[PDB]
Structure formats: C-alpha cells, structure tokens
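Each remark here refers to the structure printed beneath this line.
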Amino acid sequence: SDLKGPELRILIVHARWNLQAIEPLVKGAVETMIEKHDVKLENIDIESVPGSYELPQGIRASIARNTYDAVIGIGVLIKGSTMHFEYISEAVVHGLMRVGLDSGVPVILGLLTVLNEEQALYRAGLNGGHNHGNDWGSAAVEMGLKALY
Amino acid sequence: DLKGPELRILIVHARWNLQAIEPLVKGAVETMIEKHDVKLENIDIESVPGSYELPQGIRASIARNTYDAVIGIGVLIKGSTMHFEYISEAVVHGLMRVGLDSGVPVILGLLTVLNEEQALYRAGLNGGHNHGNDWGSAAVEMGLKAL
Amino acid sequence: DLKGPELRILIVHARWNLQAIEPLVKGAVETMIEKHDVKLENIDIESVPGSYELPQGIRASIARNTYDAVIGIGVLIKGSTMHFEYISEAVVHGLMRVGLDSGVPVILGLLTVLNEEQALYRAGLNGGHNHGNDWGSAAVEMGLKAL
Amino acid sequence: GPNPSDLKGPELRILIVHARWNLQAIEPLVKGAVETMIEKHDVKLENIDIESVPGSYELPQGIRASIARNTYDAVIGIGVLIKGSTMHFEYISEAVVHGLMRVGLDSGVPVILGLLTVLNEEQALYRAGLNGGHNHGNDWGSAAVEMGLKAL
Amino acid sequence: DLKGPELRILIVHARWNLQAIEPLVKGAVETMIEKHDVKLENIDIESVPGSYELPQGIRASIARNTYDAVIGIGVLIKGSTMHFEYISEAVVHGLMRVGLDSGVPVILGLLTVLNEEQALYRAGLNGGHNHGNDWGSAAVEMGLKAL
C-alpha cells in the first residue's frame with residue numbers, strides 16, 4: 001500500500017477501559033497514517049468514551065458535528081465471569097457497522113474481543129505480537145479515499 | 001473532575017430483583033451528585049416491570065421530556081429455560097437502538113449474570129465494586145460530550 | 001395496586017401447544033380484571049397460527065385499532081433441529097421492534113423452553129407460578145405509564 | 001399440536017418463493033403448500049404465483065423484489081438448510097430468518113417461514129412428509145391463508 | 001440457459017488470504033463470461049482491506065454506479081479469539097441489509113471456515129468444487145429476475 005491521503009480527515013474514538021492495550025493501538029494507528037500515508041497530524045481527531053458500549057454512540061454524535069472521511073472505533077473487551085462479554089461484544093460490533101451504513105462514513109472496527117489480557121496485548125504489538133492499530137490505520141486511509149474518488 | 005450541574009439525567013430501572021437494583025440506582029445517583037455536581041432535582045428516576053420494558057420505557061420517556069443522558073438499569077439471571085439467553089440479547093440491542101435513534105446517550109446498567117451472588121457482588125456487596133457508580137460517571141461524561 | 005378501567009388491551013396468542021397457552025391467556029385476563037379493574041369488553045383476544053406470526057399479527061392489529069398495551073403470547077419448545085434456536089431469536093427481536101416502532105408497549109408472553117414440562121410449570125400447573133398473571137400486570141402498568 | 005382452520009380464501013393472491021438447492025425436499029413442500037391451499041381453503045390455482053431463487057440467501061431479496069411489482073395477500077418463503085462442515089449453516093440460517101421477518105414487517109405483507117434448518121438430509125425429508133413424517137408445506141399453506149385473510 | 005450480455009455485475013473482494021480469494025473471483029468471472037455471455041467490460045472488480053469493509057464498500061460503490069447484481073467475496077477463518085464469531089455474523093447480516101435497502105441483489109461470497117484447508121477446498125483446490133462458479137451463476141439469475 002503506497003496510498004497517500006494528505007487531505008483526509010480521520011476520527012479516532014477509543015474507550016478508556018484497559019489502557020495498557022488501548023494506547024499502543026491508538027499510537028500504532030496514528031503513526032502508520034502519518035508516516036506511511038502522509039496524513040496530517042492536525043487532521044486526526046482523537047476522542048474517547050468511558051467504555052466500548054459508548055463507541056457507537058460517541059462516533060454517531062461526532063460525525064454529526066464534523067466531517068470525517070473515515071472513522072476508527074477502538075476498544076478492548078475481555079471475557080469475564082458473567083455473560084456480559086458475550087452480549088455487548090455482539091451489540092457493539094453490530095452497532096458500529098450500523099453507524100457506518102447509516103452515515104455513509106467508513107467505520108474501521110478497532111475492537112478486540114479476547115479471552116484474556118495476554119491476547120489483547122499480543123495484538124497491540126507487545127510480547128512479539130503484531131500491532132493491529134497499524135492495520136486499522138492503513139484501512140482507514142484506503143476506505144477514506146475510496147469513499148471520495 | 002467533570003462537573004455537570006446543568007445536566008438532566010434519566011434513570012429507568014426494572015423492579016425485578018431489588019436486592020441488587022437498589023444499590024445500583026443509589027450508587028449511580030450518589031456518584032453523580034457527590035462527584036459531578038449534578039443537582040438532585042435534575043435526576044428523574046422511573047421504573048418498569050421488567051428488563052424487557054427497559055427500551056420501551058426509555059423510548060417513551062425521552063419523547064416527553066428532554067434529558068442529556070439516560071441510564072438503563074436491570075438485572076438478568078440465567079434460569080432453567082432459554083429465556084435468559086434471548087431477552088438479554090434483545091434488551092442490549094434494544095437500548096443500543098434507542099440511543100442511536102434518538103441521539104441521546106444510553107448507559108447500559110444491565111447485569112447479565114449466572115446467579116444472584118454475581119449480581120450482588122457487582123452491586124458493591126460482599127467486597128465487590130458498585131457498578132452503579134461507574135454508570136453515573138459515564139452518564140455525566142456522555143451528557144457533556146453530547147453538548 | 002394499579003387500576004386501569006379505561007385501558008384497551010390486546011392479546012395475540014399462537015395456537016400451537018394449547019395445553020400451555022390457555023392457562024397463560026386465562027391468567028393474563030383474570031389478573032387484569034380482578035386486580036386492575038380492566039373491563040372485559042376492553043380486552044381483545046386474537047390468535048395466529050404460530051409464534052412466527054406474532055409480530056406480524058400484532059403489527060396488523062395495532063394499525064386497525066388503538067390499544068394502550070399489547071401482549072404477545074406463545075410457546076416454543078426445543079425440537080430435534082435448529083428451528084427453535086432461530087425463530088426464538090427472531091420473534092423476541094421482532095416483537096421488540098413492533099413495540100418501539102409503534103410506540104405501543106408490547107409485553108413478551110413468549111416461553112422458550114427445553115420441554116413440555118417447563119412450559120406447563122410456568123403456566124402455573126404442577127406447582128408452578130402462572131406467568132400470564134405477571135404479564136397482565138405488566139400490560140396495565142406500561143399502559144398507564146404510556147398515559 | 002398445531003390447530004388449523006376451515007377458512008376459505010378464493011380471492012387471495014399467494015406468492016411462493018423457493019430456493020432450488022436440495023430439490024428432493026423442496027418439491028414435496030411446495031406441492032403440499034399448493035394442494036392444501038387449493039383443496040382445503042378454496043384458493044384458485046391462477047392466484048398462486050410460484051417463483052424461485054438460487055438459494056436461501058436470496059429468499060428475502062427475491063420476495064422483496066416480487067412484492068414490489070405485484071400485490072399479494074401473503075407470501076411463503078421455502079428453503080432447506082443443512083448443517084455442513086463449516087460455520088456457513090449457522091450464519092446464513094440466522095441471517096435469512098431475521099431477513100424474511102424484516103421483509104414481512106417493512107412491507108406489511110405476511111411472510112410465512114418455510115425454511116427448514118436441519119442437521120441432516122433425513123430430518124429434511126421427514127418434515128417434507130416422506131418416510132412417515134408430516135408435510136410441513138401443508139401447515140404453511142393454511143398459515144398463509146389465515147394471515148392473508150386477517151390482513152384483509 | 002441464462003444469458004445476460006447486457007448485465008452489469010460488481011465484484012467486491014477483501015484482500016486478506018489471497019490464496020483462496022483469487023480462485024473464487026476467477027471462477028465467478030469465468031462462469032459469468034463463458035456460460036452466461038456476460039461481457040468482460042461489464043464486470044467491475046473492486047477490493048477492500050478486509051471482510052468487515054465488504055458491506056461498506058459495496059454500499060459506496062452501488063451509490064456511484066448502477067449494477068444489476070453484486071457479489072461480496074471474502075474469507076473468514078476461526079482464530080484464537082472471538083473475533084471470527086462476531087464479525088462473521090456482522091458481515092453476513094450487513095451484506096443482507098445493503099441488498100434489501102438498495103434493491104440490488106447481493107450474492108454472499110463469504111466463506112466462514114474453521115481452517116485454511118476448508119477455504120481452499122471450497123475454492124476448487126485439492127479436489128473441491130469452486131463456489132465462485134455458483135456465485136457467478138447466481139448473480140446472473142438474480143440480475144435478470146430483478147430485470
């Protein structure tokens with residue numbers, strides 16, 4: 001991917017629960033968009049919400065106020081002792097998807113739904129894993145461009 | 001650190017299983033007033049028979065009055081049949097919908113546990129952490145960010 | 001202790017497995033009349049072939065007449081195929097929808113059980129508690145709150 | 001135990017959309033649906049439209065397109081899904097059932113679920129009335145009629 | 001027997017796991033051309049990063065141009081987390097929606113397998129049958145019936 005998007009406006013909305021993993025993901029996304037796709041730091045809006053359940057709601061509210069070419073919803077869900085994990089994981093995933101089709105703005109799913117901390121960190125590039133935030137960054141640019149031209 | 005003295009919050013809770021509901025509603029209210037400067041007279045508390053009416057009750061309410069954020073509280077416990085499985089999913093997807101359709105933030109105060117003990121623990125009893133507190137702060141934050 | 005003598009309630013029940021449906025419909029009606037002062041003339045009872053037509057039947061009816069609350073009653077029992085799993089989800093999500101789209105409360109009177117015995121028990125037979133009673137009371141409350 | 005009706009609907013227009021995958025089971029069902037509507041409910045052969053699609057995934061899409069062109073009083077979506085080696089079964093079964101349900105509520109036209117979601121071929125045939133089973137197409141036909149009438 | 005020389009087909013495929021995507025896209029195209037008389041110049045082929053963008057991509061494309069039928073191709077393989085389970089469902093439900101909202105047929109060219117071998121087999125490799133072929137014929141049929 002040699003796609004450059006210097007006029008793209010990207011929005012990043014991440015939950016704040018479990019930051020040991022969130023930060024590396026958000027960081028990876030931003031760095032990849034800037035260093036590999038020529039996106040301008042000043043054209044990247046980063047916002048946060050309490051948890052993953054608010055990801056769709058927060059993204060929906062934001063794309064109504066400003067104009068973005070692509071959005072990235074980042075969050076981490078870890079299986080617990082109850083059925084909570086099962087039910088909101090599904091609700092959020094179906095939710096983001098909806099906000100995207102309703103608004104016409106691309107929504108990248110930066111949602112990790114893991115069984116334990118270790119799996120989440122590994123996917124954030126720690127302990128020899130690959131940072132998925134990088135992939136989401138590149139995806140956002142591609143969808144942003146294809147959404148225009 | 002986030003103060004919201006002009007916010008109007010709505011809390012709708014089911015009435016089924018009150019040993020857990022009360023602590024949750026109370027924690028939510030206390031946290032909003034004591035930590036976020038929300039005014040007691042700006043908090044409306046309503047109830048419905050069960051969790052299945054949560055979406056329907058919240059929808060009806062935000063159509064009559066104007067709220068900045070809403071909290072849906074209820075407790076679901078796995079039983080002998082497949083009821084738990086199906087309505088848990090329906091309610092979670094339903095509250096989520098009302099939130100996106102109306103544009104009003106809907107905090108999910110629904111506990112979907114396997115037994116009574118897990119419910120109480122998450123209500124702050126028996127050495128657990130009261131989630132109603134987290135929901136209170138969340139409602140304030142979403143209320144403010146929504147403008 | 002909620003009285004609703006001017007309420008108009010609609011009950012739509014599937015006809016599949018009547019050993020359990022009847023007790024439920026009867027419990028619902030009795031409870032509304034004897035404990036909430038609802039008038040027999042004000043309760044409309046309709047039926048559909050099966051649970052899959054519950055949302056469709058309810059939607060059609062609330063388009064012709066005006067009701068304050070509705071109750072969808074039906075019984076689903078796990079069979080040998082995956083049929084149970086799939087239409088149970090569809091119906092629960094579907095009634096939920098008709099309720100939010102129309103603005104009319106829709107009480108879920110749907111039992112999703114593993115066998116006949118579980119269904120009857122929840123119909124108040126063999127020492128169980130009749131859930132139709134709970135649904136009747138719910139219908140009233142939601143009806144009034146909808147004002 | 002399913003309780004039927006002795007309802008007559010000679011002015012009803014019924015549409016039947018079936019997938020073609022696995023016809024050993026589809027035919028009996030379609031045939032049962034049709035015969036039952038004609039012989040027991042007085043529906044007129046000319047008032048029954050029968051269309052088909054490649055597979056069950058196109059059932060909602062096909063029905064939607066058709067009820068936009070013509071006017072029907074009730075629709076029946078017929079199809080057969082059998083658990084395979086992958087997760088395909090699980091996912092499209094759910095998608096289709098939710099899908100037909102939607103088309104029915106959006107359009108206001110009754111949609112009968114003639115979808116069999118079985119674990120093997122045997123279970124499908126049995127429910128198609130073969131090998132001592134009960135033909136479900138029959139039940140769907142009566143359902144279509146009833147919903148059609150109540151819809152007025 | 002079904003020829004559609006005036007049909008305009010759209011193919012949108014994810015780029016993840018190309019060892020399987022190519023055979024499928026190839027089979028789809030060949031079958032439409034060699035068996036249904038579709039004209040190569042009337043087949044638009046586009047791509048997206050992953051399966052999650054499939055609905056989003058298709059939606060954007062059928063808004064710019066007019067197609068008679070669409071095919072969404074992608075491959076999802078169970079992993080170590082719950083990711084597979086959740087997006088598989090989301091994408092299948094999403095493509096379905098785009099189809100019903102737009103009125104344009106959307107063929108499901110999404111494989112949801114447990115391992116690489118299963119995907120390749122269904123791509124016609126190792127003695128399996130290429131499903132891309134079936135999707136191509138399907139697209140043609142739906143395109144025509146849609147008129």
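Values in this text are rule-based calculations from the coordinates and carry no lab data. Don't worry about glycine lacking a Cβ; one is built from the backbone with ideal geometry, like all the others, and counts go over all protein chains shown.
Structure above, values below:
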| read-out | value |
| --- | --- |
| Cβ-based net charge around D:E146, under 14 Å, with every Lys or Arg adding one and every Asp or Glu removing one | -2 |
| Beta bridges per DSSP with both ends in the protein assembly as shown, % antiparallel, nearest 5 | 5 percent |
| Proximal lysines to E:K26, defined as alpha-carbon separation beneath 29 angstrom and excluding residues fewer than eight positions away on the same chain | A:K146, D:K83, E:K3, E:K35, E:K39, E:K78, E:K145 |
| Relative contact order for chain D, counting Cα pairs under 8 Å that sit 6 or more residues apart, in percent | 33 percent |
| In range of the label at C:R64: residues from the range C:1-32 whose backbone nitrogen is under 18 Å from the point 7 Å along Cα→Cβ | C:8-15 |
| √(5λ) per eigenvalue of the Cα gyration tensor, chain B, largest first, Å | 24, 19, 11 |
| Most to least packed among E:5-12, E:126-133 [average Cβ atoms within 10 Å] | E:5-12, E:126-133 |
| Antiparallel DSSP beta bridges within chain B, as percent of all bridges there, nearest 5 | 5 percent |
| The range E:2-84 pair-distance distribution - Cα-Cα, 5 Å bins, rounded % | 3, 14, 24, 21, 18, 11, 5, 3, 1, 0 |
| Residue with peak Gaussian network fluctuation, chain C [Cα springs, cutoff 10 Å], from C:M32, C:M96, C:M82 | C:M82 |
| Length-normalised contact order for chain B - Cα pairs under 8 Å, 6+ apart - percent | 33 percent |
| Over the protein assembly as shown, equivalent-ellipsoid semi-axes from the Cα gyration tensor in Å | 39, 38, 22 |
| FRET E, pair D:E39, A:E35, Förster distance 60 Å, beta-carbon r, rounded to 0.05 | 0.25 |
| GNM result for chain E, Cα springs below 10 Å: residue of E:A90, E:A69, E:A20 fluctuating most strongly | E:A90 |
